[PDB]
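Take a look at this single chain in structure tokens; it is the form deposited in one PDB entry.
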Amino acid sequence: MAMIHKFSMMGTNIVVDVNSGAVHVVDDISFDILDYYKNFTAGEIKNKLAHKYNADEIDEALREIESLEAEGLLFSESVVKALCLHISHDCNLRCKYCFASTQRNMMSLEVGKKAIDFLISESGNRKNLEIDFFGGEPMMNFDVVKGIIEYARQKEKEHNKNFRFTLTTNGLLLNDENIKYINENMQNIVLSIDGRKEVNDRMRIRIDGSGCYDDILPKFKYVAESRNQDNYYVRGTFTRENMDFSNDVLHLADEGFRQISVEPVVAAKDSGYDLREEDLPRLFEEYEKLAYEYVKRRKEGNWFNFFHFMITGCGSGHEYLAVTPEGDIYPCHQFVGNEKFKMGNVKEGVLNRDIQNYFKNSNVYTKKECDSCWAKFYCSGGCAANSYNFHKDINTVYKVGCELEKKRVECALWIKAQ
């Protein structure tokens, strides 16, 4: 499986050798060489490239590319650590693209602590433990969150562990007092806002239809600077309704957000919101359009971090598990619908292993469609929710949500070239 990927993006030619991880910026002549190198002689390539370059400059271009091959940078040849807590399945929003379009109960405190104990028991001897407060809207049940935190740190002393708490909130229930507590206790907070106001208020709406932009932007802007524009990010979701998502990222940057994350929709088949292949040469340009601007404001007064350019696996189902409010264990937040992937309850606290191993053995070596790919050692490993939603199987590639990430890998590699 000796292969390379070749791309040229905004006046530069970069090459990736997949097994090595080596990255090369190359000139036009050696860039056109690799169209023929592995299958043609040095004598055959002269007659081929005898309209743009001449024999000597061709051979010198062969010289080093044949030495990178000789150097070996061309053609080279389970323990659970995090729990996604569903502190609530109720919510005060009705976002179109969200799975919570279906009941409505609150995680009890006794199920929370049975979630902390389950994590410690299955953590092996890993010291760093992650607890994500998620679900519907966790702040609707903030009493329990404070109780789970105060309970975990009593356990940190006894079990030689360390808990890393993150919250993800729609914004509506942040106030002066819970924003204090959030910054002396949560290591990271995720703010859900979709960017421009017409885009956000289009779909992050309440039961009545009214939006949430005007209410969350004031408190989001502040939580960011209360924590010095770090240890947070604003989390946006672009669907078919806003494929110009670059302005969404930059509008959030213009409002003073250094840490921004904008991602495609997951498990959005047959909703009208998912992105199709026809949109791929539409979504690509704004990724490139984005990667250009981050370099443009890299060292200037303005600057912003886009999470998907910052360069294992995602871990859902073997290293990362979601806990329903009743204690039920699921591979991730996106699977608590499907009952077949039910893996146990944190009360009884014993984990189903062969669903766990079924998920652990779904990596870039396992699936046949990945072994052909150039970004296998650069990828997230895919999204199991997207695979089962588009093909009812955890181990077949979801072609769109995949060429998106390959372009982000291409955009992240390209930023580091400057």
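Sequential numbering from 1, following the sequence displayed. Only residues modelled in both forms are compared. We call the rigid core whatever largest set of C-alpha positions still superposes within 1.5 Å between the two forms.
- In this entry, residue 311 is separated from residue 312 by 10 or more residues of the deposited sequence that have no coordinates.
- The entry shows a gap from residue 77 to residue 78, with 10 or more unmodelled residues of the deposited sequence in between.
- Stretches 168-176 and 296-304 differ in mean CA B factor, with 296-304 having the higher one.
- As recorded in the PDB entry, 282-290 is the stretch of 131-139 and 282-290 with the greater mean C-alpha temperature factor.
- Among all modelled residues in its chain, residue 124 ranks in the middle third by Cα B-factor.
- Looking at the C-alpha B-factors along this chain, the one for residue 198 belongs to the middle third.
- The deposited CA B-factor of residue 117 belongs to the lowest third of values across its chain.
- Ranked within its chain, residue 326 lands in the lowest third, by CA B factor from the PDB record.
- The entry lists a Cα temperature factor for residue 351 that places it in the lowest third of the chain's modelled residues.
Quick note: we don't show the form solved in complex with a partner chain, though the next part is all about it.
- If you check the partner chain in the entry with it bound, you find no heavy atom from any of 205, 212 and 241 within 4.5 Å.
- Interface membership of residue 285, defined by any non-hydrogen atom within 4.5 Å of the partner chain in the entry with it bound, is ruled out.
- The shortest heavy atom separation between residue 417 and the partner chain in the entry with it bound is within 4.5 Å.
- Using a 4.5 Å cutoff between non-hydrogen atoms, residue 30 counts as a contact of the partner chain in the entry with it bound.
- None of the heavy atoms of residue 198 is located within 4.5 Å of the partner chain in the entry with it bound.
- The stretch in contact with the partner chain in the entry with it bound, judged by heavy atoms within 4.5 Å, is 64-72, chosen from 64-72, 46-54, 369-377, 347-355.
- Contact with the partner chain in the entry with it bound, judged by any heavy atom within 4.5 Å, is made by just one of 303, 222, 307, 181: 307.
- Once the core is superposed between this form and the one not shown, every option in 300, 278, 177, 254 stays below 2 Å in C-alpha shift except 300.
- Once both forms are overlaid on their core, the sole residue range between this form and the one not shown with Cα shifts reaching 2 Å in three or more consecutive positions is 299-301.
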